[PDB]
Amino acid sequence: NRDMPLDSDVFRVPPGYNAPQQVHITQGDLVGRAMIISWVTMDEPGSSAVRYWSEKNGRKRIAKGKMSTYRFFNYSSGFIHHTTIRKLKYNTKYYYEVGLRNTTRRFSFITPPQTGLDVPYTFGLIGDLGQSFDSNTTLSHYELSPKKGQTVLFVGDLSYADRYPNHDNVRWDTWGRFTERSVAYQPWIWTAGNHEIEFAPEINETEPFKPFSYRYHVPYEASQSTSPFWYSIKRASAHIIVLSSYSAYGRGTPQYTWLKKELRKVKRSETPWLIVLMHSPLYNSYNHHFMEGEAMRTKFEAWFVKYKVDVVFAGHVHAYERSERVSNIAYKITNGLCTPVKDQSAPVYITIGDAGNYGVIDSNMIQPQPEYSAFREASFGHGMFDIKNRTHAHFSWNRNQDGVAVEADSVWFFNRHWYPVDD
């Protein structure tokens, strides 16, 4: 047992009567002009209003949202608030206050620049965080990093509350306050991992993504999606596609129908970097969860190659891996073409679900290291995808046992649309 105890300093309750805790934000619209603020109040429902104003302008405005609550087995939640601030300006710092009529707390965020071809952005990559001491040091190596992350693409598995007796949802609240120091100030883009299914019918809890969906909203209707568990956002020069590994994706299902139609919406002249987020990797040579992503691979891989996805980011496997550019899309049951071959139109598959979880690393790998695999290692850490312009983006992996400025693995992503060089 390596999760931080309940009295740990990261879980300290903010002082004040009905003081907002678990404050977290993510993108509110498709293009970054909106932001959705979320927080929990414990002592009474409280106001869902959010006071915000820009850094040097100070015209204080108010946005109204909605309160909701949920129960899980024995656990009754605090009063959860979700509020969307809209029509914000690009490249502008804002302040926002929350808990307006009782104990107010103020936070900050900087909206991204407007969607554009040559607009740089620094995305952090954090996967399978949990709330162990390893979870805390990874969040630390991230906030201290010289390259300065502006949004965290989170590839799934958040709290691991479901590891506790009856999924002790108090450990949802503790994870909420723990991550607040990062997610209250810059957006985290949510994808749903297996530890968010929380399908526990043996305690009459049979509705999937029950607590995760109540606590973490995404702007899924902005991309015409009919579920929060797959959606799309555009930010700076990135077009980001988030899939649900544990929702349906057969032919005709909504997510399948949505992804087919969203792919051909992508405009690489406006967003050169096509980034796909999912939880379970389609390419992974570790023994843990080996070949689990094969089902989705049969359904979606040829579309990734068809639309030249730059990179696919997954978690689930508690280690780090980086494939070569390969595709396994020629198999026809009896023709023998069942081996991945080098394909300059294929994405790079990176597994970055090594932020700590409950404190265990996946170290047993299939040996020998297959040819489709570039780099792999079982160490805790996080990733950084730093878009420079339309042709270059520098990815880097930071180990938890290294200094915050040390890159144990780094590659130049050459854009599949504007600069498809061998990499």
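Residue indices: 1-based, along the sequence shown. Here, rigid core means the biggest group of C-alpha atoms that superpose within 1.5 Å across both forms.
In 6 other deposited structures of this protein, superposed on the rigid core, which stretch sits farther off in Cα RMS terms, 49-57 or 31-39?
Comparing 31-39 with 49-57, the one that moves more in 6 other deposited structures of this protein is 49-57.
Where do the C-alpha atoms have the higher mean temperature factor in this entry, in 168-176 or in 100-108?
The recorded data point to 100-108.
Between 81-89 and 225-233, name whichever shows the higher mean Cα B factor according to the PDB entry.
Going by the record's values, the stretch with the higher mean is 81-89.
Using the temperature factors in the entry, find which of 138, 335, 194, 247 has the highest value at its Cα atom.
Result of the comparison over 138, 335, 194, 247: 335.
Among the candidates 238, 152, 218, 203, give the one with the maximum CA B-factor reported in the record.
Out of 238, 152, 218, 203, the record gives the largest C-alpha B-factor to 203.
Mind checking which third residue 391 falls in for C-alpha B-factor across the chain?
Middle third, going by the recorded CA B-factors of the chain.
If you rank every modelled residue in this chain by C-alpha B factor, which third holds residue 199: lowest, middle or highest?
Ranked within chain, residue 199 CA B lands in the lowest tercile.
Among the chain's modelled residues, which third holds the C-alpha B-factor of residue 37?
It falls in the middle third of the chain.
Ranking the modelled residues of this chain by C-alpha B-factor as given in the entry, is residue 67 in the lowest, middle or highest third?
Middle third by C-alpha B-factor.
Ordered by C-alpha B-factor within the chain, which third holds residue 325? Give me lowest, middle or highest, please.
Middle third of the chain for residue 325's C-alpha B-factor.
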